[PDB]
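Chemist: Sharing a structure, written as structure tokens. Questions coming.
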Amino acid sequence: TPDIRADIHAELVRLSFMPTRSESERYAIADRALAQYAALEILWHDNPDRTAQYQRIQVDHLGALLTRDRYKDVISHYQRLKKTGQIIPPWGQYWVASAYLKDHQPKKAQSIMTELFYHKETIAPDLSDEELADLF
Amino acid sequence: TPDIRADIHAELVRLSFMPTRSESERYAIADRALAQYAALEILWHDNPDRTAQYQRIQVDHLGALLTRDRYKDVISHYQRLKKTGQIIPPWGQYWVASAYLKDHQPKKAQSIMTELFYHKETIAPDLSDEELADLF
Amino acid sequence: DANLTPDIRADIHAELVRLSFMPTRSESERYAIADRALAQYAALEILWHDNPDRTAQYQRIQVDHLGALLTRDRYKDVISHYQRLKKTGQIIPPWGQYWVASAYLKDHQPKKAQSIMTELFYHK
Amino acid sequence: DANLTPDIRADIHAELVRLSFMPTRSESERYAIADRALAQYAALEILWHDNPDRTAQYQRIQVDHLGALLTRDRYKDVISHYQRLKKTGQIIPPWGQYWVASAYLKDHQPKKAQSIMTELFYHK
Ligand SMILES: [Cl-]
Ligand SMILES: [Cl-]
Ligand SMILES: [Mg+2]
Ligand SMILES: [Mg+2]
Ligand SMILES: [Mg+2]
């Protein structure tokens with residue numbers, strides 16, 4: 001049930017990115033999601049049993065804020081999510097880049113896109129647990 | 001002055017890693033640092049003007065906890081530092097690995113050492129700010 | 001033991017493509033390293049085309065090739081190669097989609113670049 | 001334009017060493033790719049030794065060589081190469097120190113491995 005409430009929030013945020021929709025309509029659907037959010041924020045804040053779908057709406061919230069052209073809020077919500085050590089999925093980083101750009105702040109948008117597309121190669125000497133141990 | 005107080009804390013934590021020193025002595029010097037910490041934690045908690053040297057003692061604290069063989073506390077302090085989105089320097093990760101290992105939990109120690117030694121290569125199409133913009 | 005050598009040859013192709021994206025480097029240097037990879041490709045293209053035992057290695061270089069084309073500013077070729085790889089129904093990894101978007105954009109074709117980036121971040 | 005080719009040859013050496021550390025791979029595969037790099041090295045060793053214009057590229061392969069030796073389980077050689085590179089006063093990057101520690105450890109010499117790791121995390 002909390003899953004489907006987060007699912008509904010997510011759907012609304014996605015419906016907000018319709019270019020088929022005008023500014024009036026976009027803004028109105030962004031609001032339906034901003035509101036569903038405000039409610040669930042409060043309902044779920046102090047609850048370890050709803051920790052999962054809390055984190056989801058936290059990110060989907062970046063979409064709604066951006067859709068309603070509240071650029072500085074997307075950044076401040078991002079920065080607030082950062083300081084909870086929560087991992088922003090890539091699509092969430094796409095949103096905050098868009099925002100950083102529209103706030104006349106492109107260098108930050110670039111650094112986000114850079115950190116999104118790299119290649120990583122380990123240099124881990126295959127060590128046994130007993131060999132890693134003999135190192136401490 | 002806060003710099004030199006953090007400097008003193010750091011020095012104590014380093015003096016705790018002397019193998020030249022016995023268990024009694026090690027434990028005693030770990031305590032001098034655990035205490036200096038407890039004080040500075042409180043003195044500095046709600047202070048944006050001391051945010052820098054706060055973060056330093058936060059990490060140096062992992063050393064003292066580990067030196068006094070309080071393995072589970074090093075992990076719980078680490079995990080608490082994680083959820084503040086604070087960046088643990090490599091030497092701090094070395095400490096928490098040692099702890100994860102001594103808590104009979106080696107797979108986590110390995111994953112830390114792995115994430116410490118990699119190679120990273122960007123795949124960033126060099127895009128202009130005006131071209132990154134034309135993408136949003 | 002038999003996929004080891006071709007694996008490393010595809011691995012070296014990939015590395016060259018990635019070395020071409022180092023922004024520290026000028027146009028002449030970029031172009032030179034892009035060429036080393038465009039060439040490694042042209043060779044392996046021929047060596048492998050009709051070979052089921054290197055079908056995996058073939059497909060890798062096919063995508064890594066998008067990078068080299070883009071790095072050497074051959075935008076229109078990146079798109080034609082993309083569209084050709086699309087019609088073989090093989091997956092373009094995300095980094096590959098980012099590449100073809102950059103190309104679509106530099107070919108003065110931005111609405112199609114957005115459409116690519118849309119499909120690139122889809123989680124439903 | 002003249003450091004470009006030697007740069008890419010050192011770059012390819014490095015990549016091979018790194019491909020050797022992929023833990024997905026068996027002993028036979030690891031050993032085979034370690035050899036491709038040990039060989040690339042032996043060639044460049046000779047080609048470059050007495051050449052001030054490739055002194056940079058020379059020094060790179062010198063460190064990357066620690067990886068290949070270690071990957072092929074030639075522990076005692078990693079240490080002797082380390083100690084030889086040490087006496088030329090050139091910096092071993094951190095990842096290089098991690099390598100020689102692993103070697104010192106596998107040569108049943110753990111107290112020296114700790115001493116290396118000590119110097120590896122020093123910030124005072
Ligand atoms: Cl082509
Ligand atoms: Cl040798
Ligand atoms: Mg690489
Ligand atoms: Mg690649
Ligand atoms: Mg390397």
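Residues are referred to by chain and number: the chain letter is A, B, ... according to the order shown in the structure tokens, the number counts from 1 in that chain, and ligands are numbered separately from 1 in the order shown.
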Could the residues that lie within 9 Å of ligand 3, counting only C-alpha atoms and all ligand atoms, be listed as a list in words?
Modeler: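 My answer, listing the contacting residues, is residues 119, 120 and 121 of chain A; 119, 120 and 121 of chain B; 14, 15, 18 and 19 of chain C; 14, 15, 18 and 19 of chain D.
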Chemist: Taking only C-alpha atoms into account, report as a PyMOL selection string which residues of chain A lie within 7 Å of chain D.
Modeler: chain A and resi 123-126+134-135
Chemist: Would you mind writing down, as a ChimeraX atom specification, each residue of chain B that DSSP on the backbone assigns to helix (DSSP H, G or I)?
Modeler: /B:2-16,23-44,48-67,71-82,90-102,106-116,129-133
Chemist: Dump as a Markdown table the rows for residues of chain C within 10 Å of chain D: closest atom pair and distance in Å with one decimal, only C-alpha atoms counted, ordered by chain and rising residue number.
Modeler:
| residue | atom | partner | partner_atom | distance |
| --- | --- | --- | --- | --- |
| C:1 | CA | D:29 | CA | 7.3 |
| C:4 | CA | D:29 | CA | 7.0 |
| C:5 | CA | D:33 | CA | 8.8 |
| C:8 | CA | D:33 | CA | 8.0 |
| C:11 | CA | D:19 | CA | 8.3 |
| C:12 | CA | D:12 | CA | 7.0 |
| C:13 | CA | D:12 | CA | 9.9 |
| C:15 | CA | D:15 | CA | 7.2 |
| C:16 | CA | D:12 | CA | 8.1 |
| C:19 | CA | D:11 | CA | 8.3 |
| C:28 | CA | D:1 | CA | 8.2 |
| C:29 | CA | D:4 | CA | 7.0 |
| C:30 | CA | D:4 | CA | 9.9 |
| C:32 | CA | D:4 | CA | 8.4 |
| C:33 | CA | D:8 | CA | 8.0 |
| C:36 | CA | D:8 | CA | 9.6 |
Chemist: CA of residue 83 in chain B and CA of residue 71 in chain B, how far apart in Å?
Modeler: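 Taking CA of residue 71 in chain B as the start and CA of residue 83 in chain B as the end point, the length is 18.8 Å.
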Chemist: Kindly provide, as an MDAnalysis selection string, the residues of chain A having any atom no farther than 9 Å from an atom of chain B, counting only C-alpha atoms.
Modeler: chainID A and resid 81:86 97:98 101:102 106:107 109:110 113:125 127:130 132:133 135:136
Chemist: Within 10 Å of residue 38 in chain A, counting only C-alpha atoms, which residues qualify if same-chain residues fewer than 5 places away don't, as a PyMOL selection string?
Modeler: chain A and resi 33+43+61
Chemist: I'd like the interatomic distance between CA of residue 74 in chain A and CA of residue 103 in chain A, to a tenth of an Å.
Modeler: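 Result for CA of residue 74 in chain A versus CA of residue 103 in chain A: 10.2 Å, one decimal.
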Chemist: With distances taken over only C-alpha atoms and all ligand atoms, which of C:26, C:83, C:62, C:3 is nearest to ligand 4?
Modeler: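 Looking at the shortest contact to ligand 4, the residue is C:62.
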Chemist: Using CA of residue 75 in chain A and CA of residue 55 in chain A as the two end points, give the distance in Å to one decimal.
Modeler: 16.7 Å
Chemist: Compile the contact shell of residue 27 in chain A as a PyMOL selection string: residues with an atom at most 8 Å away, counting only C-alpha atoms, same-chain residues fewer than 2 positions apart removed.
Modeler: chain A and resi 16+23-25+29-31+67-68
Chemist: For chain C against ligand 1, with a cut-off of 8 Å and counting only C-alpha atoms and all ligand atoms, what is the closest atom pair and its distance in Å to one decimal for every residue that makes the cut, ordered by chain and number, as a tab-separated table?
Modeler:
residue	atom	partner	partner_atom_place_in_ligand_line	distance
C:38	CA	ligand 1	1 (Cl)	7.5
C:42	CA	ligand 1	1 (Cl)	7.7
C:65	CA	ligand 1	1 (Cl)	7.3
C:69	CA	ligand 1	1 (Cl)	7.1
C:77	CA	ligand 1	1 (Cl)	6.7
C:78	CA	ligand 1	1 (Cl)	7.9
C:81	CA	ligand 1	1 (Cl)	6.7
Chemist: For residue 59 in chain C, find every residue with an atom within 10 Å (counting only C-alpha atoms), except residues of its own chain fewer than 2 positions away, and show them as a list in words.
Modeler: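 After dropping sequence-adjacent residues, the list is residues 10, 49, 54, 55, 56, 57, 61, 62, 63, 64, 65, 85, 90, 91 and 92 of chain C.
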Chemist: Keeping only C-alpha atoms, take the residues you just selected and write them out as a PDB file, in the first residue's frame.
Modeler:
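Just written: selection_5.pdb:
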ATOM      1  CA  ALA C  10      38.662  -5.842 -27.997  1.00  0.00           C
ATOM      2  CA  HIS C  49      32.818 -10.401 -39.503  1.00  0.00           C
ATOM      3  CA  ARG C  54      34.088 -14.049 -31.835  1.00  0.00           C
ATOM      4  CA  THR C  55      30.418 -12.800 -32.076  1.00  0.00           C
ATOM      5  CA  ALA C  56      30.770 -11.407 -28.489  1.00  0.00           C
ATOM      6  CA  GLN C  57      34.100  -9.563 -29.182  1.00  0.00           C
ATOM      7  CA  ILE C  61      33.963  -3.168 -30.819  1.00  0.00           C
ATOM      8  CA  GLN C  62      30.710  -2.311 -32.679  1.00  0.00           C
ATOM      9  CA  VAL C  63      29.653  -0.103 -29.669  1.00  0.00           C
ATOM     10  CA  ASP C  64      33.174   1.137 -28.691  1.00  0.00           C
ATOM     11  CA  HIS C  65      33.325   2.294 -32.388  1.00  0.00           C
ATOM     12  CA  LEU C  85      23.505  -1.270 -34.846  1.00  0.00           C
ATOM     13  CA  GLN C  90      21.705  -5.419 -29.979  1.00  0.00           C
ATOM     14  CA  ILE C  91      21.651  -3.263 -26.742  1.00  0.00           C
ATOM     15  CA  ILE C  92      23.586   0.061 -26.802  1.00  0.00           C
TER      16      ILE C  92
END
Chemist: Please provide the set of residues having any atom within 9 Å of residue 57 in chain B, restricted to only C-alpha atoms, with same-chain residues fewer than 5 positions apart removed, written as number ranges by chain.
Modeler: B: 6-7, 9-10, 37, 40-41, 62
